[PDB]
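Next up, data02.cif (mmCIF, C-alpha atoms and all ligand atoms):
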data_model
loop_
_atom_site.label_atom_id
_atom_site.label_comp_id
_atom_site.auth_asym_id
_atom_site.auth_seq_id
_atom_site.Cartn_x
_atom_site.Cartn_y
_atom_site.Cartn_z
CA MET R 1 4.30 -29.37 -13.88
CA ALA R 2 5.41 -26.44 -16.09
CA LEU R 3 4.09 -22.87 -15.43
CA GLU R 4 0.53 -23.54 -14.14
CA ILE R 5 -1.08 -20.08 -13.89
CA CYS R 6 -4.24 -20.33 -11.67
CA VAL R 7 -6.30 -17.21 -12.27
CA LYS R 8 -9.71 -15.58 -11.85
CA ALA R 9 -11.49 -15.45 -15.21
CA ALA R 10 -14.41 -13.20 -16.13
CA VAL R 11 -17.60 -13.57 -14.06
CA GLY R 12 -19.75 -16.30 -15.72
CA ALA R 13 -17.03 -17.24 -18.30
CA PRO R 14 -14.10 -19.53 -17.09
CA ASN R 15 -12.28 -19.17 -20.50
CA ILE R 16 -11.62 -15.34 -20.75
CA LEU R 17 -9.68 -12.76 -18.72
CA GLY R 18 -12.52 -10.30 -17.77
CA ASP R 19 -12.66 -8.12 -14.62
CA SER R 20 -9.15 -9.08 -13.33
CA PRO R 21 -6.24 -6.93 -14.67
CA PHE R 22 -4.53 -8.74 -11.74
CA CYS R 23 -4.58 -12.10 -13.70
CA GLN R 24 -3.74 -10.32 -17.00
CA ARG R 25 -0.39 -9.18 -15.39
CA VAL R 26 0.76 -12.80 -14.96
CA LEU R 27 0.40 -13.43 -18.70
CA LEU R 28 2.20 -10.07 -19.38
CA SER R 29 5.39 -10.80 -17.29
CA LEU R 30 5.80 -14.26 -18.96
CA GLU R 31 4.86 -13.15 -22.53
CA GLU R 32 7.46 -10.34 -22.25
CA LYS R 33 10.04 -13.11 -21.43
CA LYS R 34 8.41 -15.30 -24.21
CA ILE R 35 8.41 -18.23 -21.67
CA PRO R 36 5.53 -20.79 -22.21
CA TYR R 37 2.75 -21.51 -19.66
CA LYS R 38 -0.85 -22.82 -19.23
CA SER R 39 -3.74 -20.68 -17.88
CA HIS R 40 -6.15 -22.46 -15.48
CA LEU R 41 -9.02 -19.90 -15.68
CA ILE R 42 -11.50 -19.95 -12.72
CA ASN R 43 -15.02 -18.45 -12.67
CA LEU R 44 -15.25 -17.44 -8.94
CA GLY R 45 -14.59 -21.02 -7.59
CA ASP R 46 -15.72 -23.42 -10.43
CA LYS R 47 -12.31 -25.27 -10.20
CA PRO R 48 -11.68 -27.35 -6.99
CA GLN R 49 -9.16 -26.76 -4.12
CA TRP R 50 -6.13 -28.10 -6.16
CA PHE R 51 -6.36 -24.83 -8.24
CA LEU R 52 -6.74 -22.58 -5.09
CA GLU R 53 -4.28 -24.23 -2.57
CA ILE R 54 -1.43 -22.72 -4.68
CA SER R 55 -2.26 -19.44 -2.80
CA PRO R 56 -1.36 -18.85 0.91
CA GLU R 57 -4.72 -16.92 1.01
CA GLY R 58 -6.61 -19.59 -1.06
CA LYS R 59 -7.13 -16.65 -3.54
CA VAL R 60 -6.51 -16.71 -7.28
CA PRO R 61 -4.68 -15.11 -9.15
CA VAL R 62 -1.52 -17.18 -8.25
CA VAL R 63 1.04 -19.49 -10.00
CA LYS R 64 2.89 -22.78 -9.88
CA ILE R 65 6.46 -22.56 -11.24
CA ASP R 66 6.49 -26.26 -12.23
CA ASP R 67 4.24 -27.19 -9.23
CA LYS R 68 6.45 -24.96 -6.92
CA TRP R 69 3.81 -22.48 -5.64
CA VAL R 70 3.89 -18.62 -5.58
CA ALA R 71 1.47 -16.09 -3.99
CA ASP R 72 -0.77 -13.35 -5.49
CA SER R 73 -0.60 -11.03 -8.60
CA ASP R 74 0.84 -8.06 -6.58
CA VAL R 75 3.86 -10.04 -5.16
CA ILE R 76 4.23 -12.09 -8.42
CA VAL R 77 5.87 -8.86 -9.77
CA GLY R 78 8.83 -9.95 -7.58
CA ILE R 79 8.44 -13.72 -6.92
CA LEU R 80 7.65 -14.88 -10.53
CA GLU R 81 10.72 -12.84 -11.64
CA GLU R 82 12.95 -14.15 -8.74
CA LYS R 83 12.20 -17.81 -9.68
CA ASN R 84 12.33 -17.41 -13.51
CA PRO R 85 14.97 -19.06 -15.80
CA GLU R 86 14.32 -16.22 -18.35
CA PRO R 87 15.38 -12.56 -17.58
CA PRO R 88 13.72 -10.99 -14.44
CA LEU R 89 11.45 -7.94 -14.95
CA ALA R 90 11.08 -6.95 -11.22
CA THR R 91 13.54 -3.96 -11.53
CA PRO R 92 11.94 -0.79 -9.99
CA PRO R 93 12.78 2.53 -11.80
CA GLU R 94 11.97 6.06 -10.48
CA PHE R 95 8.53 5.56 -12.17
CA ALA R 96 7.68 2.97 -9.44
CA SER R 97 7.31 5.92 -6.96
CA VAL R 98 4.42 7.66 -8.84
CA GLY R 99 3.24 4.27 -10.25
CA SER R 100 2.71 2.96 -6.65
CA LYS R 101 0.19 5.85 -6.10
CA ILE R 102 -1.53 5.27 -9.50
CA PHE R 103 -1.75 1.49 -8.72
CA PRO R 104 -4.42 1.75 -5.90
CA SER R 105 -5.88 5.15 -7.03
CA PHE R 106 -6.99 3.58 -10.38
CA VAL R 107 -8.61 0.66 -8.43
CA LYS R 108 -10.41 3.30 -6.29
CA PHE R 109 -11.50 5.10 -9.52
CA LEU R 110 -13.45 1.85 -10.33
CA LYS R 111 -14.88 1.93 -6.68
CA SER R 112 -15.66 5.70 -6.56
CA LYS R 113 -18.43 5.84 -3.92
CA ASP R 114 -16.04 8.57 -2.80
CA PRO R 115 -16.45 10.80 -5.94
CA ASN R 116 -14.40 10.13 -9.10
CA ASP R 117 -15.04 13.82 -10.06
CA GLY R 118 -12.87 14.85 -7.03
CA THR R 119 -10.40 11.90 -7.35
CA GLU R 120 -9.60 12.73 -11.04
CA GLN R 121 -8.17 16.14 -9.95
CA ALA R 122 -5.30 14.14 -8.32
CA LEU R 123 -5.10 11.46 -11.11
CA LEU R 124 -4.33 14.09 -13.82
CA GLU R 125 -1.33 15.32 -11.72
CA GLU R 126 -0.23 11.70 -10.97
CA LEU R 127 -0.33 11.02 -14.75
CA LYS R 128 1.59 14.33 -15.47
CA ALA R 129 4.31 13.46 -12.89
CA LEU R 130 4.79 10.05 -14.60
CA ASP R 131 4.32 11.29 -18.24
CA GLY R 132 6.67 14.33 -17.92
CA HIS R 133 9.64 11.95 -17.36
CA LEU R 134 8.27 9.02 -19.50
CA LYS R 135 8.31 11.34 -22.60
CA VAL R 136 12.14 11.48 -22.14
CA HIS R 137 12.43 7.62 -22.23
CA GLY R 138 9.80 6.91 -24.97
CA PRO R 139 8.00 3.51 -25.06
CA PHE R 140 6.86 1.94 -21.69
CA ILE R 141 5.50 2.92 -18.22
CA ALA R 142 8.75 1.64 -16.58
CA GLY R 143 10.93 3.60 -19.15
CA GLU R 144 12.99 2.19 -22.10
CA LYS R 145 11.71 -1.42 -21.55
CA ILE R 146 8.93 -3.31 -19.73
CA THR R 147 9.69 -3.83 -15.98
CA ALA R 148 7.72 -3.70 -12.69
CA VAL R 149 5.69 -0.44 -13.32
CA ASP R 150 4.15 -1.84 -16.55
CA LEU R 151 3.59 -5.09 -14.57
CA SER R 152 1.74 -3.03 -11.86
CA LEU R 153 -0.37 -0.90 -14.27
CA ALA R 154 -0.61 -1.99 -17.97
CA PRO R 155 -3.80 -4.21 -17.94
CA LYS R 156 -5.31 -1.88 -15.23
CA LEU R 157 -5.19 1.02 -17.76
CA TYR R 158 -7.00 -1.18 -20.34
CA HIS R 159 -9.53 -2.24 -17.63
CA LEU R 160 -10.09 1.51 -16.88
CA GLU R 161 -10.55 2.28 -20.65
CA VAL R 162 -13.15 -0.56 -20.91
CA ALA R 163 -14.96 -0.52 -17.52
CA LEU R 164 -14.92 3.26 -16.79
CA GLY R 165 -15.88 3.72 -20.50
CA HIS R 166 -19.25 2.05 -19.61
CA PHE R 167 -20.39 5.09 -17.48
CA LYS R 168 -17.71 7.89 -17.59
CA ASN R 169 -15.46 7.59 -20.69
CA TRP R 170 -12.68 9.76 -19.15
CA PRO R 171 -10.38 11.24 -21.88
CA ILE R 172 -6.55 11.32 -21.68
CA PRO R 173 -5.47 14.71 -23.24
CA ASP R 174 -2.55 14.85 -25.77
CA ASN R 175 -0.53 16.79 -23.12
CA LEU R 176 -0.18 13.29 -21.50
CA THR R 177 1.62 12.41 -24.74
CA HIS R 178 3.19 9.14 -23.48
CA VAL R 179 -0.05 7.94 -21.71
CA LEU R 180 -2.36 8.60 -24.72
CA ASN R 181 0.01 6.65 -27.07
CA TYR R 182 0.93 3.90 -24.52
CA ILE R 183 -2.80 2.91 -24.30
CA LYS R 184 -2.60 2.28 -28.12
CA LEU R 185 0.44 -0.02 -27.46
CA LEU R 186 -1.78 -2.25 -25.20
CA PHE R 187 -3.41 -3.44 -28.50
CA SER R 188 0.13 -4.67 -29.57
CA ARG R 189 3.09 -6.99 -28.61
CA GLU R 190 2.81 -10.47 -27.09
CA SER R 191 3.02 -8.91 -23.59
CA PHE R 192 -0.15 -6.74 -23.97
CA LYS R 193 -2.28 -7.97 -26.95
CA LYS R 194 -2.52 -11.58 -25.56
CA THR R 195 -3.71 -10.23 -22.14
CA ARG R 196 -6.69 -8.30 -23.66
CA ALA R 197 -10.04 -9.46 -22.18
CA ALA R 198 -13.44 -9.69 -23.96
CA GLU R 199 -14.84 -6.27 -23.07
CA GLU R 200 -18.51 -6.95 -22.13
CA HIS R 201 -17.09 -9.63 -19.79
CA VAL R 202 -14.82 -7.01 -18.13
CA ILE R 203 -17.87 -4.74 -17.50
CA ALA R 204 -20.27 -7.52 -16.34
CA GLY R 205 -17.57 -8.79 -13.90
CA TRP R 206 -16.65 -5.25 -12.67
CA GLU R 207 -20.28 -4.19 -11.76
CA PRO R 208 -20.52 -6.13 -8.41
CA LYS R 209 -16.83 -5.14 -7.78
CA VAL R 210 -17.93 -1.48 -7.52
CA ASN R 211 -19.27 -2.89 -4.20
CA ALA R 212 -17.01 -5.95 -3.43
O1 LIG B 1 -8.58 -3.38 -10.84
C1 LIG B 1 -9.80 -3.42 -10.86
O2 LIG B 1 -10.60 -2.50 -10.29
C2 LIG B 1 -11.98 -2.97 -10.20
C3 LIG B 1 -12.39 -3.21 -8.72
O3 LIG B 1 -11.48 -4.15 -8.11
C4 LIG B 1 -12.42 -1.91 -7.89
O4 LIG B 1 -12.28 -2.28 -6.51
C5 LIG B 1 -12.02 -4.25 -10.98
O5 LIG B 1 -12.91 -5.07 -10.85
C6 LIG B 1 -10.59 -4.66 -11.22
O6 LIG B 1 -10.18 -5.81 -10.42
#
What would the structure in this file look like if it were written as structure tokens?
Ligand SMILES: O=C1O[C@H]([C@@H](O)CO)C(=O)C1=O
Amino acid sequence: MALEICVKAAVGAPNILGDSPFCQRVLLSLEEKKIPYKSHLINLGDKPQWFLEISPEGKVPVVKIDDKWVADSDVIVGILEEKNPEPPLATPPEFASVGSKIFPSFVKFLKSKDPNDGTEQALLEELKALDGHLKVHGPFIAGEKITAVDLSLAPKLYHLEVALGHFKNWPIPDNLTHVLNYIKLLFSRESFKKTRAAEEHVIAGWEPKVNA
């Protein structure tokens, strides 16, 4: 009963948000609404089937909406907004077009067996195509307010800053004048500052996920 968020924690530490920007989203879309919840944090499987059977895949991250189950962190950006009593945040702007290319390409940046040095030459132009229109709107990666593109990307940018920072601390130039200031906003609000992981426990959970 109530919002029972059932989520992968850090590797080794079932009390902190670690290597999953995917679970950090679920906190973000409810903290933007200010709606209260509880976070059942799982280290890899250390909580039994009652915390996993909420997923149609058996995979965390997933949610109960007062025991009424909902599937994974990438369809939660619709289904946790659809079933909410507080205002839905699922609304896709024009920024969802470029943001849907950034969404997997920044996961592949953290799995760059295929070179990141060649990948980054597309990521700078993906960031420019987003940033060139975001600098007209001002504050958030979905435009004037937080909606689905911030829900797709916001903790994944902080996970890139932390986990890519461990081996290739890739700078955002001031020409990306929304992106470079929006990363500073992730250290603020309820919707981003509460979803911040402990940073060693992002890196030590991301290492085997360069492979897996
Ligand atoms: O979004 C992210 O990228 C990495 C890996 O998944 C890359 O495959 C990480 O661990 C986190 O979940």
Calculate, to one decimal in Å, the centre and edge lengths of the box along x, y and z of the file that holds all listed atoms of ligand LIG 1 (chain B) with 5 Å of margin on each side, and present them as lines of an AutoDock Vina configuration file.
center_x = -10.7
center_y = -3.9
center_z = -8.9
size_x = 14.3
size_y = 13.9
size_z = 14.7
For ligand LIG 1 (chain B), return the neighbouring residues as a JSON list (two decimals) with C-alpha atoms, in the coordinates of the input (distance at most 9 Å; all atoms listed in the file).
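Result saved to pocket33.json:
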[["chain", "number", "residue", "atom", "x", "y", "z"],
["R", 18, "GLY", "CA", -12.52, -10.30, -17.77],
["R", 19, "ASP", "CA", -12.66, -8.12, -14.62],
["R", 20, "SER", "CA", -9.15, -9.08, -13.33],
["R", 21, "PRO", "CA", -6.24, -6.93, -14.67],
["R", 22, "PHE", "CA", -4.53, -8.74, -11.74],
["R", 103, "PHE", "CA", -1.75, 1.49, -8.72],
["R", 104, "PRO", "CA", -4.42, 1.75, -5.90],
["R", 106, "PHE", "CA", -6.99, 3.58, -10.38],
["R", 107, "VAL", "CA", -8.61, 0.66, -8.43],
["R", 108, "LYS", "CA", -10.41, 3.30, -6.29],
["R", 109, "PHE", "CA", -11.50, 5.10, -9.52],
["R", 110, "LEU", "CA", -13.45, 1.85, -10.33],
["R", 111, "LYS", "CA", -14.88, 1.93, -6.68],
["R", 112, "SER", "CA", -15.66, 5.70, -6.56],
["R", 155, "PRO", "CA", -3.80, -4.21, -17.94],
["R", 156, "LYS", "CA", -5.31, -1.88, -15.23],
["R", 157, "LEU", "CA", -5.19, 1.02, -17.76],
["R", 159, "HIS", "CA", -9.53, -2.24, -17.63],
["R", 160, "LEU", "CA", -10.09, 1.51, -16.88],
["R", 163, "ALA", "CA", -14.96, -0.52, -17.52],
["R", 202, "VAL", "CA", -14.82, -7.01, -18.13],
["R", 203, "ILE", "CA", -17.87, -4.74, -17.50],
["R", 205, "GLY", "CA", -17.57, -8.79, -13.90],
["R", 206, "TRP", "CA", -16.65, -5.25, -12.67],
["R", 207, "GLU", "CA", -20.28, -4.19, -11.76],
["R", 208, "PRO", "CA", -20.52, -6.13, -8.41],
["R", 209, "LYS", "CA", -16.83, -5.14, -7.78],
["R", 210, "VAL", "CA", -17.93, -1.48, -7.52],
["R", 211, "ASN", "CA", -19.27, -2.89, -4.20],
["R", 212, "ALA", "CA", -17.01, -5.95, -3.43]]
Task: Residue neighbourhood stretch 138-143 of chain R, 8 Å, all atoms listed in the file, exclusion window fewer than 2 positions, as a PyMOL selection string - done: chain R and resi 92-93+95-96+134-136+145-150+154+178+182
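Atom CA of residue R:164 to atom CA of residue R:76 spans 25.9 Å [interatomic distance, one decimal].
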For stretch 4-6 of chain R, work out the shell of residues within 10 Å, counting all atoms listed in the file and skipping chain neighbours fewer than 5 positions away, then give it as an mmCIF file with C-alpha atoms, keeping the file's coordinate frame.
data_model
loop_
_atom_site.group_PDB
_atom_site.id
_atom_site.type_symbol
_atom_site.label_atom_id
_atom_site.label_comp_id
_atom_site.auth_asym_id
_atom_site.auth_seq_id
_atom_site.Cartn_x
_atom_site.Cartn_y
_atom_site.Cartn_z
ATOM 1 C CA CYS R 23 -4.580 -12.100 -13.700
ATOM 2 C CA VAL R 26 0.760 -12.800 -14.960
ATOM 3 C CA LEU R 27 0.400 -13.430 -18.700
ATOM 4 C CA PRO R 36 5.530 -20.790 -22.210
ATOM 5 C CA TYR R 37 2.750 -21.510 -19.660
ATOM 6 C CA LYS R 38 -0.850 -22.820 -19.230
ATOM 7 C CA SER R 39 -3.740 -20.680 -17.880
ATOM 8 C CA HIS R 40 -6.150 -22.460 -15.480
ATOM 9 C CA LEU R 41 -9.020 -19.900 -15.680
ATOM 10 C CA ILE R 42 -11.500 -19.950 -12.720
ATOM 11 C CA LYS R 47 -12.310 -25.270 -10.200
ATOM 12 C CA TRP R 50 -6.130 -28.100 -6.160
ATOM 13 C CA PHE R 51 -6.360 -24.830 -8.240
ATOM 14 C CA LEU R 52 -6.740 -22.580 -5.090
ATOM 15 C CA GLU R 53 -4.280 -24.230 -2.570
ATOM 16 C CA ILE R 54 -1.430 -22.720 -4.680
ATOM 17 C CA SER R 55 -2.260 -19.440 -2.800
ATOM 18 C CA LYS R 59 -7.130 -16.650 -3.540
ATOM 19 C CA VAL R 60 -6.510 -16.710 -7.280
ATOM 20 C CA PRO R 61 -4.680 -15.110 -9.150
ATOM 21 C CA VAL R 62 -1.520 -17.180 -8.250
ATOM 22 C CA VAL R 63 1.040 -19.490 -10.000
ATOM 23 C CA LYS R 64 2.890 -22.780 -9.880
ATOM 24 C CA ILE R 65 6.460 -22.560 -11.240
ATOM 25 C CA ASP R 66 6.490 -26.260 -12.230
ATOM 26 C CA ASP R 67 4.240 -27.190 -9.230
ATOM 27 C CA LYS R 68 6.450 -24.960 -6.920
ATOM 28 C CA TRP R 69 3.810 -22.480 -5.640
ATOM 29 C CA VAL R 70 3.890 -18.620 -5.580
ATOM 30 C CA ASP R 72 -0.770 -13.350 -5.490
#
Nearest to residue R:35, restricted to all atoms listed in the file and choosing among R:10, R:3, R:17, R:89, comes out as R:3
Query - Which of R:101, R:204, R:197, R:133 sits closest to residue R:15 [using all atoms listed in the file] - result: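 Closest to residue R:15 of all the choices is R:197.
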Which of R:193, R:113, R:33, R:128 sits closest to residue R:85 [using all atoms listed in the file]:
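With all atoms listed in the file as the atom set, the closest residue is R:33.
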Here atom CA of residue R:99 and atom CA of residue R:126 stand apart by 8.2 Å
Taken to one decimal, the atom CA of residue R:123-atom CA of residue R:105 distance is 7.6 Å
Output: stretch 20-45 of chain R of the preceding structure, restricted to C-alpha atoms, written as a PDB file, in the first residue's frame.
ATOM      1  CA  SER R  20      21.023   3.078 -11.883  1.00  0.00           C
ATOM      2  CA  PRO R  21      19.933   6.524 -13.238  1.00  0.00           C
ATOM      3  CA  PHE R  22      16.926   4.353 -14.234  1.00  0.00           C
ATOM      4  CA  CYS R  23      15.804   4.076 -10.517  1.00  0.00           C
ATOM      5  CA  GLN R  24      16.740   7.750  -9.849  1.00  0.00           C
ATOM      6  CA  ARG R  25      14.088   8.782 -12.499  1.00  0.00           C
ATOM      7  CA  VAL R  26      11.264   7.237 -10.429  1.00  0.00           C
ATOM      8  CA  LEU R  27      12.153   9.451  -7.451  1.00  0.00           C
ATOM      9  CA  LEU R  28      12.423  12.477  -9.858  1.00  0.00           C
ATOM     10  CA  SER R  29       8.893  12.161 -11.427  1.00  0.00           C
ATOM     11  CA  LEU R  30       7.261  11.852  -7.937  1.00  0.00           C
ATOM     12  CA  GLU R  31       9.438  14.515  -6.193  1.00  0.00           C
ATOM     13  CA  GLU R  32       8.549  16.972  -9.007  1.00  0.00           C
ATOM     14  CA  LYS R  33       4.839  16.268  -8.138  1.00  0.00           C
ATOM     15  CA  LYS R  34       5.809  16.394  -4.370  1.00  0.00           C
ATOM     16  CA  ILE R  35       3.785  13.115  -3.907  1.00  0.00           C
ATOM     17  CA  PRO R  36       5.097  10.838  -1.039  1.00  0.00           C
ATOM     18  CA  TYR R  37       6.485   7.286  -1.536  1.00  0.00           C
ATOM     19  CA  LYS R  38       8.774   4.577  -0.040  1.00  0.00           C
ATOM     20  CA  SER R  39      11.933   3.259  -1.790  1.00  0.00           C
ATOM     21  CA  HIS R  40      12.526  -0.521  -1.514  1.00  0.00           C
ATOM     22  CA  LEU R  41      16.232  -0.510  -2.567  1.00  0.00           C
ATOM     23  CA  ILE R  42      17.594  -3.872  -3.893  1.00  0.00           C
ATOM     24  CA  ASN R  43      21.269  -4.885  -4.185  1.00  0.00           C
ATOM     25  CA  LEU R  44      21.074  -7.183  -7.301  1.00  0.00           C
ATOM     26  CA  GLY R  45      18.465  -9.602  -5.742  1.00  0.00           C
TER      27      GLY R  45
END
